Amino acid sequence: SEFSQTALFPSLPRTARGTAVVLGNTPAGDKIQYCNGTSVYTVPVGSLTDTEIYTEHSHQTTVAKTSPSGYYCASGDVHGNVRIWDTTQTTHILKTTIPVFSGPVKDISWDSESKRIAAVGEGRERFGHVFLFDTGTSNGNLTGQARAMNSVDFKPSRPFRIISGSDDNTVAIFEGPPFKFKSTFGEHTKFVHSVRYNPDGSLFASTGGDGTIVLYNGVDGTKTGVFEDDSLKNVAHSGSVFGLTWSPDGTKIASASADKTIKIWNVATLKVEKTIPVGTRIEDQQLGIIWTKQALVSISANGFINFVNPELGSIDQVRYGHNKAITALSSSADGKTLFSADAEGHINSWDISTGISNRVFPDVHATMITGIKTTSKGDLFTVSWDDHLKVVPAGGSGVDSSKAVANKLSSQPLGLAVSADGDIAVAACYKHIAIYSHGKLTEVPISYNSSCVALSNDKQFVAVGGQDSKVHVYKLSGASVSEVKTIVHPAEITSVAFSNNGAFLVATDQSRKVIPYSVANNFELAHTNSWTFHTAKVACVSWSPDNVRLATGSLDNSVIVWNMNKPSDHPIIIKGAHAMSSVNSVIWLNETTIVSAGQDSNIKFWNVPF
Ligand SMILES: [Mn+2]
C-alpha cells in the first residue's frame with residue numbers, strides 16, 4: 001500500500017567463459033528465461049521494464065524451463081535440485097522439488113504433454129533422471145553415458161524419445177515411456193553441448209566442441225547429414241558451438257559459437273544461410289541461444305543478450321547490464337540517465353524513461369568500483385580498488401571512457417563524494433582523505449581508517465565515516481580540512497549523506513542504526529527516536545530532494561524510507577526489496593521515486609507516495 005515497484009532493469013544471465021548458457025521460454029515465445037544468483041528471470045521480448053523474478057532456490061540457479069502448457073517452470077541449481085513451481089501467480093507455489101542427483105543440473109526438458117521432465121547434469125550417482133513433474137515419480141532410467149550430460153530434449157511427437165549430449169562425446173537416445181537406453185552415436189569428437197528436436201519431432205540436431213552440426217532422423221537417431229559452410233573445411237564453425245536451436249517452422253537452425261558468430265542454417269539444403277558476427281573481442285563469444293515464436297536470442301560471454309534479425313542476418317537490439325554485484329548508482333542532473341557500476345569494474349548507462357541500456361566501453365576499471373558520481377556537466381567520477389580515482393569525460397558517445405585522467409591514490413578508496421558542478425571531489429581512503437580540485441590531487445593522512453564520505457551541497461563540510469565508529473566532520477578550506485566535530489556511534493560507520501539544503505547530516509552504522517543530526521546545531525541529534533528497524537548492516541543512505549525523507553538499503557534485503565518530520569512514526573519498510581540480496585545503493589529521482597541496486601545485479605524503481 002505504501003509503495004510499489006514501477007520498473008526493473010534486470011540482471012543479465014550468469015555466464016562463465018567457455019561455458020554454455022541454457023535458456024528457457026514461455027509457450028508463445030514472448031518471454032525468455034535465464035538464471036543468475038539464486039534466481040530465475042522471465043524476461044519479456046517486448047518490454048525492458050517488466051521482467052519477473054523467482055527467488056526461492058538456496059543454491060545458484062543453472063537452468064530454467066517453462067512447460068509447454070505455460071503453467072509451470074522447472075528450474076535447477078548447482079546442488080542438483082529441480083524445483084517445479086506455479087508460473088501463473090506471484091505466490092509461485094511450489095508443486096514439487098526433486099533432488100535429481102548430487103551435482104549441477106545442466107539442462108531440463110519437458111515432454112509435450114507437460115507431464116514429464118528429464119533433467120541432466122554432473123551427478124555423483126547418475127547424470128540424468130526422468131520423472132513426473134507433479135509427483136517426482138521416476139519414469140525411466142537415463143543410464144548410458146560416461147560423463148556429465150550437458151543437454152537433453154524430448155521428442156515432441158510419438159513415439160516418444162529423449163536425446164542427450166555428453167562430455168563423453170556421444171549423443172544418446174532413449175525410448176519410452178518408461179524410458180530406457182536405445183542407442184549411442186559417435187559422430188562427435190569433442191564434448192556435445194547441445195541436442196535439440198525440431199518442432200514436429202521428425203529430426204534432431206547435435207553440436208559441440210568439435211565445431212560440427214549433425215542432423216538425425218527423429219525416431220531412430222540415424223544420421224541424415226551434416227551442415228556445411230563453404231568457407232570452412234568440414235566444420236560448421238571454427239570453434240566450439242555452445243548451442244543450437246530450431247526456428248518455429250522447423251526450416252532453419254541457429255547456432256551460437258566461440259567463433260563469435262551466430263549462424264542461421266537452411267535445414268533442407270544443409271547449407272549456412274546467414275553468418276552474423278557479434279564482435280571481435282573474447283567477450284563476444286556466443287554461449288547460448290534460443291529461437292522462440294517471437295524472437296531469436298543469443299547470449300555473449302559478457303552476459304549481453306543479442307536479439308538477432310534472421311532475415312537481415314544481423315543484430316537488432318543488444319540488452320546490456322550486469323551479472324555481478326552492483327556497487328554504486330548515480331543519476332544525471334537532468335534525471336534522464338542512470339549510471340550503475342559493479343564489483344568487476346563494469347559500468348552501464350540507462351535511459352530512465354525506457355530502460356534502454358548502454359555498456360561503457362572501454363572499461364574504466366578492471367576491478368571493484370567503490371563509488372561513482374555524475375556532475376552537472378556530464379562527467380562521471382569514479383574510485384576503485386585499483387587505488388585510482390578516475391574522471392571519465394563526454395566525447396566518444398555519451399561518457400568517453402575512450403580516454404581520461406587516472407590518479408593514483410596513496411591508499412584504497414572506500415567512498416566518493418563530488419560537488420554538483422564537479423569542482424570538488426573527496427575520496428574516503430583507508431589511510432587518507434583525498435581531495436580533488438582542478439588537477440591537484442591533495443592527500444591528507446588520517447589516523448583512523450575511513451569507510452565513507454559526504455560533501456555538503458555548499459561545499460563547506462566534508463563528513464567522513466570511520467571504522468573507528470566515529471563520523472569526522474571537517475570544514476573544507478581549499479585543499480585542506482579542519483575537524484570541527486567528531487560524532488560517536490555504537491559501531492563502525494557504513495554510509496553518510498547531507499540533505500541538499502544542508503539542514504541535516506545522516507550516518508548509518510554496522511549496529512543497524514540510522515542517525516540524523518542537525519547541522520545548524522553543532523550536529524546534535526536531530527531527534528531521539530531509535531531508528532533501528534534494519535535487521536542487518538545498513539549499506540547505503542540517500543536523501544529525498546525535499547530534505548525531509550531519506551532511504552536506506554541494507555544487507556537485510558530491504559529498503560526503508562524514513563521521515564524526519566515524524567521520527568516516532570514507523571518507517572516504510574520495503575521488505576525483500578532485493579530477494580536474498582543486499583541493497584548496495586539507493587538514490588532518489590524525485591520526492592516520491594527511489595531507485596535501488598543490489599548484490600543481485602538488479603536495479604529497481606519504487607514509487608513511494610507521501
Ligand atoms: Mn524441447
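Both backbone and side-chain heavy atoms feed into the values below; hydrogens, waters and symmetry mates do not. We're numbering straight along the sequence, starting at 1.
When all heavy atoms of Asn602 and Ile326 are compared, the pair lying nearest together is O-CD1, 4.0 Å. In terms of heavy atoms, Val561 sits closest to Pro571 at O-CB, 3.3 Å. The two atoms that bring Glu492 and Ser469 nearest to each other are N-OG, 3.0 Å, heavy atoms only.
You'll find the ring centres of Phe461 and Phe523 inside the 6.0 Å limit.
In this structure, the separation between CG on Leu409 and CG on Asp387 is 6.5 Å, given to the nearest 0.5 Å.
Using the six-membered ring where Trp is involved, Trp543 and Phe504 have ring planes that are parallel, under 30° apart on the 30 and 60° scheme. Below 30°, between 30° and 60°, or above 60°: for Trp562 and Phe533 the angle between ring planes is above 60°, a perpendicular geometry.
Between the side chains of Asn25 and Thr292, no donor N or O sits under 3.5 Å from an acceptor N or O. One side chain, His322 or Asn348, offers a donor N or O that lies under 3.5 Å from an acceptor on the other. Looking at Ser300 and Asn306, their side chains do bring a donor and an acceptor atom within 3.5 Å of each other.
Between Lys485 and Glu524 a salt bridge is recorded (basic side-chain N to carboxylate O distance below 4.0 Å). Residues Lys31 and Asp50 are not paired through a salt bridge, judged by the lack of any N-O separation under 4.0 Å between the basic side chain and the carboxylate.
In the displayed structure, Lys470 atom NZ is contacted under 6.0 Å by more than 12 heavy atoms of other residues, nucleotides or ligands.
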